[PDB]
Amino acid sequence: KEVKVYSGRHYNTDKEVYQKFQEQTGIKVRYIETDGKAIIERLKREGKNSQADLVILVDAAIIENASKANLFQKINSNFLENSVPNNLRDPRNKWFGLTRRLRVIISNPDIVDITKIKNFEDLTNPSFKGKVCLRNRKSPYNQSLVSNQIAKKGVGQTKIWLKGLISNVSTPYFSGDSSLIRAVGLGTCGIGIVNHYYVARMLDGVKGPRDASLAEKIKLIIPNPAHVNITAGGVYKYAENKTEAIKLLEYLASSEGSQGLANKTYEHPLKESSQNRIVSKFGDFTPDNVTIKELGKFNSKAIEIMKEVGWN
């Protein structure tokens, strides 16, 4: 018996978690790890001829792309329905959350007054003029953040916040979260918005000594309440090994499985905050209760309003 996993968790960190499932169950895990959008495009092309059993994807926006494209089948599981929090799964049971990431504020306290920064709304302060730096609108992470704001405040109010935010940007858009962390730490940027786990990875020397030194210069602010995003798993629509795909998903969503995946990328497990000493130092967070499904709903409108105010 075997199971074929196509995973968009492209961090090169998760192989060990699949090995523990194999040893306990005797089910062979064939594992492909690449870009999420390459997986979606390949699967649309293959249809019934695909060898995918279980699909793992990063971000609300990519999960919505896969759902729109009809890539998942509904599954029934007492374990999953009674263990994965409602806000972090498909109401129609086609996909399930496995890890939690926060998109946070990073600041250089030698360049800006950090006592003035608590939440996203503060980044429109005119005293931050020229000092705010962003990754481009092509990042699903950024699209899902603007989608978060539309969910709570509606389109009108979100556009006001975006006109204010983009006003304070005077630097070209970055193509990644790690290069924006380097700019904030070097001090060419005073304020950035990035995923918390990139700061943890650089602090722990994963990207070498220079990136570690730059990351020490940064003060990380968790908005209160906090915007939460996820990685998720679902069973492929035409999975051959359906039974084995459900067993592996039940394992990855469990306390052992969710801690295993999360501890590799410095994320939070599903039902508890990270044990990790670097992540714990960032502080406690309270979720804002916007569902992952809602983040997918408002993705199209988020892209249109980012384009309209000039977030490029």
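Start at 1 and count along the sequence shown; that's the residue number.
Stretch comparison (71 to 79 versus 205 to 213) by mean CA B-factor in the PDB entry places 205 to 213 on top.
Of the two segments examined, 289 to 297 and 21 to 29, it is 21 to 29 that shows the higher average Cα temperature factor in the deposited entry. Remark: of 143, 179, 87, 167, 167 shows the highest value [criterion: C-alpha B-factor in the PDB entry]. Of all the options 149, 99, 119, 139, the entry's greatest CA B-factor is assigned to 119. For residue 256, the recorded CA temperature factor ranks within the middle third of the chain's modelled residues. When the modelled residues of the chain are ordered by C-alpha B-factor, residue 233 sits in the lowest third. When all modelled residues of the chain are sorted by CA temperature factor, residue 272 is found within the highest third.
Placement of the Cα temperature factor of residue 239 within the chain: middle third of the modelled residues, per the deposited record.
In this PDB entry, residue 107 carries a Cα temperature factor that places it within the middle third of its chain's modelled residues.
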